[PDB]
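Participant: structure, please.
(chains A and B)
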Amino acid sequence: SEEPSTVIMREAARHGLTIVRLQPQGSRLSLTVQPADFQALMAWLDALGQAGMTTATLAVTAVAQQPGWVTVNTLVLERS
Amino acid sequence: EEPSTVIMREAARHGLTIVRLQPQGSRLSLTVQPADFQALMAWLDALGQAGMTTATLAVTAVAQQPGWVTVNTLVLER
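Facilitator: Residues are numbered from 1 along each chain as shown, chains lettered A, B, ... in the order given. Please find the structure below.
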């Protein structure tokens, strides 16, 4: 059905995420994302899960002086 | 309410098992057993709505169970 990049970018536009890099990682997808509002990042990951893309690795750390924001240290998704 | 009360009540509401909850001032370091990722995120969202932010999170998928993860690091901030 839809290619993963289409879903990822449509949902990134909806939830306010900036994609620095999207590249394959074996059969998975590695995403490099600019620092983000954690609530918006969770809403985006939930939308990707609804499109059949599970979160294989996620590591985030709060941004200094902005506790509700996080640096996305690692993000890897599985294809649908 | 004390942060541990909210954290433990909400973990039980989302089926998550806490095996260590260690205070570090305004930060709380947790050790959580492997979990359904959607439930883990729902718990963190409910904690955020109660004023407790996710300061550090590191998870990796469970091999052969893709919707599940191991919670390698979890630190919350009150």
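Participant: once you drop chain neighbours, what's closest to residue A:72?
Facilitator: Distances taken as Cβ to Cβ, 6 or more residues apart in numbering or on different chains put residue A:33 closest to residue A:72, at 4.3 Å, once the chain neighbours are dropped. Where C-beta positions appear, they are placed from N, C-alpha and C, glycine not excepted.
Participant: next one: phi and psi at the one you found?
Facilitator: The phi/psi pair for residue A:33 (degrees, to the nearest 10) reads phi -120, psi 140.
Participant: which residues of chain A lie near chain B?
Facilitator: A:38-39, A:42, A:45-46, A:49, A:54-62, A:67-68, A:70, A:73-74, A:78 (Cβ under 8 Å from any Cβ of the partner chain).
Participant: thinking again about what came up before, contacts only, for the residue nearest to residue A:72.
Facilitator: By Cβ atoms under 8 Å, 6 or more residues apart in numbering or on different chains, the contact set of residue A:33 is A:17, A:18, A:19, A:20, A:41, A:72, A:75.
Participant: from the residues of chain A next to chain B, which ones fall inside helices?
Facilitator: Counting by DSSP state H, the residues of chain A next to chain B place A:38, A:39, A:42, A:45, A:46, A:49 in helices.
Participant: dump the residue contacts of the first one.
Facilitator: Right, the one you point to is residue A:38. Taking Cβ under 8 Å, 6+ apart, one finds A:60, A:68, A:69, A:70, B:44, B:48, B:53, B:54 in contact with residue A:38.
Participant: how does it look with 6 Å?
Facilitator: Counting by Cβ atoms under 6 Å, 6 or more residues apart in numbering or on different chains, residue A:38 makes contact with A:68, A:70, B:54.
Participant: cool, and the fourth one?
Facilitator: If you count contacts by Cβ under 6 Å, 6+ apart, residue A:45 has them with residue A:55.
Participant: could you redo the last one with a cut-off of 10 Å?
Facilitator: By Cβ atoms under 10 Å, 6 or more residues apart in numbering or on different chains, the contact set of residue A:45 is A:11, A:15, A:53, A:54, A:55, A:58, A:75, A:77, B:37, B:38, B:41.
Participant: surely the fifth one is in contact with residue A:77?
Facilitator: Meaning residue A:55. Yes: counting by Cβ atoms under 10 Å, residue A:77 is a contact partner of residue A:55 at 6.1 Å.
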